[PDB]
Amino acid sequence: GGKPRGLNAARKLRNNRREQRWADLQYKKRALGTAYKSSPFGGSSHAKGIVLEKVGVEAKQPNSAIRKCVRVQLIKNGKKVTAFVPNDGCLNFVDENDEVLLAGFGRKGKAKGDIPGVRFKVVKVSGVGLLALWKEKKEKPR
Amino acid sequence: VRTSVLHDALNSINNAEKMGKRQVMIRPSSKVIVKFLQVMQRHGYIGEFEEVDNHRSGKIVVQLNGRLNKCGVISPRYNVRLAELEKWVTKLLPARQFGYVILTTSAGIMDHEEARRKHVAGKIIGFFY
Amino acid sequence: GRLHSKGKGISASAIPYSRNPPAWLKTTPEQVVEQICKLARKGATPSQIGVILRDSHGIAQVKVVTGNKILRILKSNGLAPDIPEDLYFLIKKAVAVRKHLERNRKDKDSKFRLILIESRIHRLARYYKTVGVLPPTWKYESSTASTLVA
RNA sequence: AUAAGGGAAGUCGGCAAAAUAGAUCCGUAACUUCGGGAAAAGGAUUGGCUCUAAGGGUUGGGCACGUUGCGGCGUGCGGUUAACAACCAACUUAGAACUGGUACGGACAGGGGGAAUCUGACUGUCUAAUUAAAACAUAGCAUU
RNA sequence: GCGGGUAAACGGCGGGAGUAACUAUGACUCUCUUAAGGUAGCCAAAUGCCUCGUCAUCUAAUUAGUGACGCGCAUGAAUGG
RNA sequence: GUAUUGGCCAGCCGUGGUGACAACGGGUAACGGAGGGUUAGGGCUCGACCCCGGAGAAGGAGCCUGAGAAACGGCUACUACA
RNA sequence: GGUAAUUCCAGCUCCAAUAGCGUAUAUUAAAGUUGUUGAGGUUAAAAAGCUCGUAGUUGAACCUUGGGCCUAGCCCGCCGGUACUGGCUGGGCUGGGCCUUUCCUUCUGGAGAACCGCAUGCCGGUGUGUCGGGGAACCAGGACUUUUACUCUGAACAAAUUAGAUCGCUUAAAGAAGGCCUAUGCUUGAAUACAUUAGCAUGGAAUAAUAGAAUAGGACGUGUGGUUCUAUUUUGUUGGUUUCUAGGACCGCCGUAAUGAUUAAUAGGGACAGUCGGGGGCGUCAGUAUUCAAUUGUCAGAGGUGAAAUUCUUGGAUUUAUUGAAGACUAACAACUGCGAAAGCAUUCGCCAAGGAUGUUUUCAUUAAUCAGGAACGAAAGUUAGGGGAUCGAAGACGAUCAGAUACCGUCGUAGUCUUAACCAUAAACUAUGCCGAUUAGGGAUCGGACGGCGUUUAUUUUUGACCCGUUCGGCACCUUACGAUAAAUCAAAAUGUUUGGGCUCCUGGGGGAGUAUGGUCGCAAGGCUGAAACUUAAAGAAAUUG
RNA sequence: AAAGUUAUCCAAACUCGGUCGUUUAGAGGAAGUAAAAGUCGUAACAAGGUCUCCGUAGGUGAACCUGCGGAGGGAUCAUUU
């Protein structure tokens with residue numbers, strides 16, 4: 001209650017909606033284009049990078065395990081990120097300087113599960129595909 | 001200050017009917033109020049009404065007989081075409097069989113059903129069922 | 001309620017339904033008009049011209065007896081005041097506050113009242129200009145306002 | 001007083017010398033006690049000759065009577081020349097053409113500038129004959 | 001002589017040991033000690049002996065210059081900061 | 001002067017024009033439209049791309065012929081490549 | 001998931017879609033979590049400290065209604081007859097004509113009807129004819145008509161696309177094709193609606209604005225005078241001149257007429273009368289108390305605490321009576337009471353200007369509501385210069401307590417506490433509840449004004465004042481109830497909201513980072529106003545129930 | 001009538017200076033978030049053992065303490081001549 005209701009008050013109603021629309025969080029990040037600027041990916045879906053070293057990451061408080069992440073430097077703009085290697089015993093397939101391909105966890109810029117500070121996962125290594133190697137459908141080229 | 005005498009009359013009638021009385025008094029009287037009551041009277045929703053004449057504006061005493069659920073007013077008098085008249089009856093009428101939407105046109109104020117017969121349109125001012 | 005207040009009083013006067021003089025008046029309309037002009041020349045404003053007639057002898061409503069209002073009657077006889085009386089009294093009160101204010105510099109409450117009174121004068125003067133009672137160039141100058149009252 | 005090429009490599013130290021300089025028009029930062037800094041920094045023009053335009057002063061104003069050696073006053077009026085005519089007089093400012101061995105504040109006269117530190121607030125004063133300064137004085141503040 | 005007041009009066013304003021799941025440091029604690037134990041600030045400064053102190057900047061090369069650090073031989077509040 | 005109007009340009013003379021009903025300036029991962037996707041109604045979002053209009057031929061300027069070009073599968077000059 | 005894993009790695013079995021299924025990013029629905037339709041603001045996120053006011057939005061009622069006849073076009077019911085047809089004094093719907101004081105502008109021309117007679121001819125009607133009294137309607141041309149918004153119907157405007165009609169491409173997404181006996185032939189289709197803002201015409205005349213006669217500068221007349229301009233053809237032709245006549249502009253005299261002004265809002269402003277209040281400013285008067293000082297009498301302790309100590313004392317402390325000075329403050333009366341825009345305001349008297357309510361057969365006539373920017377006031381502490389400095393007491397110094405005590409307790413004590421002239425602009429500035437207007441239920445108390453009444457009291461006494469009973473207008477509040485509202489606590493508003501629209505301004509969108517960084521602006525300073533992002537997280541929070 | 005030549009106009013390009021925008025190195029200083037067997041106290045929730053909170057000013061290893069003016073979201077809806 002308290003809106004202008006007259007027949008010639010179309011200017012105030014249109015102006016008010018424009019100003020208060022910024023209080024929304026989903027719309028505010030769309031208008032300013034933060035993804036184009038701050039996100040390591042240039043607003044894209046995938047990216048290619050070079051593996052630097054293998055790192056183990058501890059799980060959060062209730063759990064206890066080693067998550068076995070990896071360090072990657074992006075070819076497109078030279079930034080450095082960390083990515084998670086899914087499935088059981090798959091670090092064995094990746095070596096140093098292996099040209100991996102990455103994607104997201106699907107939480108749209110937030111960490112998934114108990115893994116802290118990790119936002120990406122490895123999809124392909126040496127252009128073969130990680131899951132295909134796991135089921136012994138293909139052999140990794142030398 | 002008083003900006004819509006029509007709303008005051010319709011609101012006062014609605015309160016008295018909901019509490020079960022039989023008669024109502026309306027302090028200011030105008031042509032639109034009287035022309036509105038006549039449409040309601042011809043459908044049996046009220047009985048006789050009489051307008052006592054003081055020299056300022058006069059008053060009205062209406063006689064109720066039940067049968068009335070609600071009577072409201074739309075404050076911004078929108079402009080409605082003939083083709084879009086079916087949008088409104090879907091909004092503020094309980095059912096298609098009965099109920100009336102009051103319009104004002106160049107041929108006097110009238111309900112939404114005879115206006116279709118005469119093929120006329122205008123402005124919307126209220127409703128009752 | 002009130003223009004500048006929070007009160008909501010309803011004190012007023014009730015006009016009788018009848019529009020005809022009482023049978024005991026026995027006074028012609030021409031005599032009343034001549035009676036009005038004599039008092040106006042003595043100095044009375046239209047405000048208390050009516051109350052003298054009502055209280056002292058006879059006429060209760062000048063309009064019913066003669067068909068015209070007091071201010072309309074005076075104008076046709078060349079006796080209308082130069083400025084309307086309602087605006088004249090507002091000017092007179094504003095002058096008296098300024099004279100008192102300069103002697104009592106830090107009376108902060110009376111300073112608040114003066115802003116209200118002057119704000120009421122500007123609103124009322126604008127209405128008179130747009131109807132033609134006052135010339136379009138009329139302005140309320142605080143420096144020379146003291147001459148208008150007296 | 002002048003010097004090819006280099007331009008402080010000299011020296012405790014740019015000591016001495018050189019460079020800038022008038023007027024008209026553009027442009028001008030940090031900081032600040034909002035007064036300053038400021039001529040900040042940094043650019044353009046300048047002769048001769050033949051022309052054009054602008055900036056002023058003085059005296060004249062139509063009828064109708066009376067005085068007077070073509071006229072000076074007394075007046076009685078009317079009109080505001082859609083501002084005309086004659087004469088007189090110095091300088092200051094702006095613009096155009098042509099011209100030259102591209103020169104012109106042609107001698108004289110005539111500021112080098114910028115980024116920072118230490119120290120006294122400023123103007124002022126003293127060891128005449130080796131020391132002019134951070135020294136003395138000052139307004140302001142406090143005590144007896 | 002005995003007893004009070006006064007620092008914009010003259011002037012003054014400290015040492016030794018332990019101690020935090022890698023070293024290091026010491027918020028914390030015991031101890032001697034008197035008129036009080038240098039507070040806010042500031043610094044290799046015209047005030048620092050060791051000293052051409054350590055780090056950065058300026059240069060091909062700087063005992064010089066500037067910005068930081070401070071147990072300061074021997075900075076410091078109208079002897080004014 | 002131009003195919004013609006026009007402060008389009010040259011002289012002389014006035015002091016104006018836009019703005020809280022948002023001027024001026026900055027952003028656009030901006031060619032505009034017919035239209036695509038998603039739906040109770042009201043809406044939100046996309047449109048380089050077969051149709052219509054505008055602009056460009058590595059970056060800028062200049063010009064010849066001709067009814068029609070400031071053309072680049074036409075010419076001249078500079079800058080960058082070769 | 002920590003030794004019998006329905007959740008990992010495997011073997012069986014089963015479920016979902018199926019020539020397809022999974023994953024990442026963008027976008028829509030779900031979202032009434034962006035809310036014009038349609039969203040919260042007492043306590044969960046959120047009403048500016050308060051008032052004035054410009055843009056902007058919004059604004060009370062009133063001017064030709066009704067009635068009486070005729071007639072048409074479309075439906076239904078009924079009757080009867082053969083899907084058809086007629087009728088109902090059929091009842092309805094839409095429309096067109098007349099009289100009621102109203103009806104419908106006007107001139108020229110065109111062609112020509114109806115109603116009329118004229119004579120000529122058939123079985124009381126008719127072509128009669130360049131016959132005339134005569135133009136219903138129609139067409140073309142000229143003049144007059146307050147102006148916008150709104151709606152209805154037309155015109156003009158692109159193909160494709162969307163909706164949609166037709167035809168068995170073997171069905172279908174498509175396509176615009178096809179069909180008939182057999183034909184040296186015939187025949188058809190390639191519709192229609194929508195866009196929608198702006199622009200051009202036509203009918204309607206409710207709703208919402210606007211204009212007109214008040215210093216008459218007003219309307220009308222073949223009434224009657226003037227002075228100015230223009231000049232068609234007629235007197236052969238041209239030029240010059242005049243009269244009459246026709247038109248326009250302007251100004252007099254006379255006549256005609258019902259000669260021209262809507263209410264006075266339980267809207268608003270102003271005036272008047274008797275009052276009321278701890279509202280504001282300046283001056284002045286009074287009260288005890290605390291501290292200090294002087295005089296006076298006596299003699300050993302006084303202070304303070306749960307208990308002690310520091311401190312003061314025969315240089316007479318503490319206590320007792322009289323007198324003096326200084327600064328601050330107004331006890332009891334004092335309350336579910338009063339005034340002010342809020343902050344706030346309490347001893348007496350004098351002066352100065354202001355305000356609410358009530359009363360009224362005064363006056364003006366829409367002058368009004370809320371407000372982006374803008375402006376006035378704004379406790380306490382704090383800041384700049386003077387005056388004052390009794391009491392309390394930030395900082396500071398000591399005594400105890402305690403393992404420690406930079407505190408709570410005790411003795412001292414600086415700025416400050418008060419006032420004049422200028423700054424500052426923030427509070428749990430709270431009713432955590434914005435402003436105007438309407439309606440909705442019972443009750444008893446109370447403050448201010450008016451009106452009515454039976455008595456008591458009382459005075460140089462009546463009328464007035466005090467007390468009692470009842471009605472009414474305006475306030476600060478309270479009790480019961482729930483037809484209502486909410487998650488609940490609870491509420492006469494927090495009600496009249498899924499059956500949702502009386503007007504207007506401001507603010508909020510999960511929790512942190514954060515009222516922080518940076519830029520701007522105001523200030524002497526302390527600081528005020530405006531106000532992000534990176535990053536991080538699955539819960540914070542409100543009301544009530546059992547332990 | 002070709003080469004050549006005089007004076008305007010349209011003007012690419014380079015040099016120097018000013019100004020605006022984006023990205024990025026830096027001794028040292030001061031914050032935020034998370035993690036972990038850390039050290040020192042016990043400020044808040046009961047009258048949390050000095051009732052809690054708001055504006056302002058000062059002080060202290062740290063939570064915090066004290067002065068002045070407010071609020072009840074309190075531990076009181078209440079005391080008579």
# chains A, B, ... in the order shown; residues from 1 in each chain; ligands from 1
>>> residues_around(residues="stretch 52-56 of chain H", least_positions_apart="4", cutoff="8 Å", atoms="only C-alpha atoms (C1' of nucleotides)", output="PyMOL selection string")
(chain G and resi 380-382+426-428) or (chain H and resi 70-71)
>>> residues_around(residues="residue F:26", least_positions_apart="2", cutoff="12 Å", atoms="only C-alpha atoms (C1' of nucleotides)", output="PyMOL selection string")
(chain F and resi 24+28) or (chain H and resi 20-21)
>>> write_last_selection(atoms="N, CA, C and O atoms (P, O5', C5', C4', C3', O3' and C1' of nucleotides)", output="PDB file, in the first residue's frame")
ATOM      1  P     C F  24      21.508  16.779 -25.217  1.00  0.00           P
ATOM      2  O5'   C F  24      22.814  17.121 -24.371  1.00  0.00           O
ATOM      3  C5'   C F  24      23.607  18.261 -24.672  1.00  0.00           C
ATOM      4  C4'   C F  24      24.803  18.361 -23.756  1.00  0.00           C
ATOM      5  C3'   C F  24      25.734  17.155 -23.748  1.00  0.00           C
ATOM      6  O3'   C F  24      26.669  17.137 -24.810  1.00  0.00           O
ATOM      7  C1'   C F  24      25.244  17.757 -21.533  1.00  0.00           C
ATOM      8  P     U F  28      32.195   0.410 -23.430  1.00  0.00           P
ATOM      9  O5'   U F  28      30.933  -0.405 -23.948  1.00  0.00           O
ATOM     10  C5'   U F  28      30.421  -1.497 -23.202  1.00  0.00           C
ATOM     11  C4'   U F  28      29.067  -1.915 -23.707  1.00  0.00           C
ATOM     12  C3'   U F  28      28.958  -2.125 -25.206  1.00  0.00           C
ATOM     13  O3'   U F  28      29.475  -3.365 -25.648  1.00  0.00           O
ATOM     14  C1'   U F  28      27.129  -0.841 -24.466  1.00  0.00           C
TER      15        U F  28
ATOM     16  P     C H  20      43.236  14.439 -16.509  1.00  0.00           P
ATOM     17  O5'   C H  20      42.378  13.364 -17.312  1.00  0.00           O
ATOM     18  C5'   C H  20      40.962  13.447 -17.357  1.00  0.00           C
ATOM     19  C4'   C H  20      40.382  12.467 -18.345  1.00  0.00           C
ATOM     20  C3'   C H  20      40.506  10.998 -17.977  1.00  0.00           C
ATOM     21  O3'   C H  20      39.526  10.577 -17.044  1.00  0.00           O
ATOM     22  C1'   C H  20      41.150  11.296 -20.226  1.00  0.00           C
ATOM     23  P     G H  21      39.823   9.339 -16.065  1.00  0.00           P
ATOM     24  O5'   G H  21      39.818   8.061 -17.014  1.00  0.00           O
ATOM     25  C5'   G H  21      38.609   7.537 -17.539  1.00  0.00           C
ATOM     26  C4'   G H  21      38.873   6.372 -18.460  1.00  0.00           C
ATOM     27  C3'   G H  21      39.566   5.176 -17.827  1.00  0.00           C
ATOM     28  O3'   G H  21      38.678   4.351 -17.097  1.00  0.00           O
ATOM     29  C1'   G H  21      40.589   5.678 -19.892  1.00  0.00           C
TER      30        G H  21
END
>>> closest_residue(among="A:31, A:47, A:130, A:69", to="residue A:85", atoms="only C-alpha atoms")
A:69
>>> residues_around(residues="stretch 88-91 of chain D", least_positions_apart="5", cutoff="12 Å", atoms="only C-alpha atoms (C1' of nucleotides)", output="list in words")
residues 55, 56, 57, 58 and 59 of chain D
>>> closest_atom_pairs(of="chain B", to="chain C", cutoff="12 Å", atoms="only C-alpha atoms", output="Markdown table")
| residue | atom | partner | partner_atom | distance |
| --- | --- | --- | --- | --- |
| B:1 | CA | C:1 | CA | 10.0 |
| B:53 | CA | C:17 | CA | 10.3 |
| B:54 | CA | C:17 | CA | 7.5 |
| B:55 | CA | C:17 | CA | 6.9 |
| B:56 | CA | C:17 | CA | 9.8 |
>>> interface_residues(of="chain A", to="chain F", cutoff="12 Å", atoms="only C-alpha atoms (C1' of nucleotides)", output="ChimeraX atom specification")
/A:11-12,15,31-37,42-44
>>> atom_distance(atom1="atom CA of residue C:77", atom2="atom CA of residue C:57")
23.2 Å
